[PDB]
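This document starts with one chain, in the form solved without the ligand, laid out as structure tokens.
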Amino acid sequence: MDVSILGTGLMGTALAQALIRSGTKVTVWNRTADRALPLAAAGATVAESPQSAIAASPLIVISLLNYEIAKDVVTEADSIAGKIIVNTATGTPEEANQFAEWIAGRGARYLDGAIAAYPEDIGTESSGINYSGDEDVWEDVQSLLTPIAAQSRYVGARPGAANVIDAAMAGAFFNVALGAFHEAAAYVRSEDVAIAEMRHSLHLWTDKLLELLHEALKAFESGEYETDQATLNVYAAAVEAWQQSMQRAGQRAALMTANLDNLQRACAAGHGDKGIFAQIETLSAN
């Protein structure tokens, strides 16, 4: 089974490159056009149009800026029927559900995608893609798609699901975490301590965070926030003290305040004596 990629903007290219070395006939197409030139040299048919691209292959992997564009690009096909559309655009679950219902109604199969990886990562161990939607579909493309990422996982029948998790992981968690470290290093610099001396500990802390993440997950699946050691109250105190120390250093410490606030709410709603994982119970705006 052969595949066509709509979009060559670094990712799509990487996607393509991986698929060719995996052992598959590949056909590309790009609205920017010239940017797909190199792919030919690799070993990929380029294509006049969307229409010819769609027509070339039974599996179509979209790789375009957003959903609006991908809607517009496969509007130009006339018939997309009996084809598999695999859209790896990041966006809302709503966007993914609308677009899935649309593909379904032009007699096409769908699978929504979300890519945890830098373009350069795609061949290698440091790469993961999640998919959601008709599981029948994922079953029919696993073998063809798993090769291009180290980790490839069907994460649920809701089309919007890979987008929820990509939001959660890349936004809610990842980006905030990356800001937290800015607050951190700014504090360290404001105490005229050398920021460099935070270098050797980085991997200890990320190693520690990972463990705890797994543990938080366990405690979210279970109801069990059994105290065990350091309680909500303990943490609210420690963080208040850190906030203050950060504030006195002349740092808005906004992430910390938000962390504190989250933690106090958990205590004030009477979770003060459970484990930290119980701060989850008070994150609804209510």
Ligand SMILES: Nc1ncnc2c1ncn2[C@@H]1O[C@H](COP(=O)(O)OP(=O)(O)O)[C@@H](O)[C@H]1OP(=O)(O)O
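Numbering starts at 1 and runs along the sequence shown.
In what follows, reference is made to the form solved in complex with the ligand, a form of this protein that is not presented.
For the candidate set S222, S49, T227, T32, a heavy atom within 4.5 Å of the ligand in the deposited complex is found for exactly one residue, namely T32. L65 is the sole member of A254, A40, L65, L217 with a non-hydrogen atom lying within 4.5 angstroms of the ligand in the deposited complex.
At a distance threshold of 4.5 angstroms between non-hydrogen atoms, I20 is out of contact with the ligand in the deposited complex. Contact annotation: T8 falls within 4.5 Å of the ligand in the deposited complex, judged by heavy atom distances. When the ligand is considered in the deposited complex, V234 lies well away from it, no heavy atom lying within 4.5 Å. At a distance threshold of 4.5 angstroms between non-hydrogen atoms, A56 is out of contact with the ligand in the deposited complex. Residues with any non-hydrogen atom within 4.5 angstroms of the ligand in the deposited complex fall in just one of 237-245, 40-48, 24-32, 257-265: 24-32. Contacts with the ligand in the deposited complex, taken as any heavy atom within 4.5 Å, map to no residue of 226-257.
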